[PDB]
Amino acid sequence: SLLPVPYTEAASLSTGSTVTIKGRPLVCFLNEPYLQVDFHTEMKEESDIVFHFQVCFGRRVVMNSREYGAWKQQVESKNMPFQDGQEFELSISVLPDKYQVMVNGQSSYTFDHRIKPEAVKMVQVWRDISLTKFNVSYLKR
């Protein structure tokens, strides 16, 4: 819809930053659509990924990092706040120790920093969703 997908935006993150994504799955949960949010170290898509967040709607969520071209230890969660056929609001806060992910205002996942958030230069949002809003909070120093 509003924003093109894959959506790529240059970005800078530090403690206190928040990334807000508003969108909607393209198909019903029965068909297992995915949503993926990757925080990259460079503007190119083949670059390293500081924080990989992949949702298989209705099934599970996978988080990881890709360092020096290699995927590290995957963390898997079965927590599923997303609602079939509904628009969702996803907020990723950068805390000192980890990323906190809220879905529709509810804390749902956390991921301890493996690489400093300051290494992030780009965020890519893709897979089976329509994207209506993308915002990174640049109020803090």
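In case it trips you up, residue 1 is the first one in the sequence shown, and so on. Note that the rigid core is defined as the largest set of C-alphas that superpose within 1.5 Å between two forms.
Once the structures in 4 other deposited structures of this protein are superposed via the core, the pair 130-138 and 3-11 is resolved in favour of 130-138 as the more displaced stretch (C-alpha RMS). In this entry, 62-70 has the higher mean Cα B-factor, the comparison being between 62-70 and 48-56. In this entry, the higher average B-factor at the C-alpha atoms falls on 132-140, of the pair 1-9 and 132-140. If you compare the C-alpha temperature factors of 94, 80, 102, 26 in the entry, 80 comes out highest. When all modelled residues of the chain are sorted by CA temperature factor, residue 42 is found within the middle third. Among all modelled residues in this chain, the alpha-carbon of residue 115 has a temperature factor (C-alpha) in the middle third. The PDB entry assigns residue 107 a C-alpha temperature factor belonging to the middle third of its chain's modelled residues. When the CA B factors of the chain's modelled residues are split into thirds, the value for residue 124 lands in the lowest one. The deposited CA B-factor of residue 90 belongs to the middle third of values across its chain.
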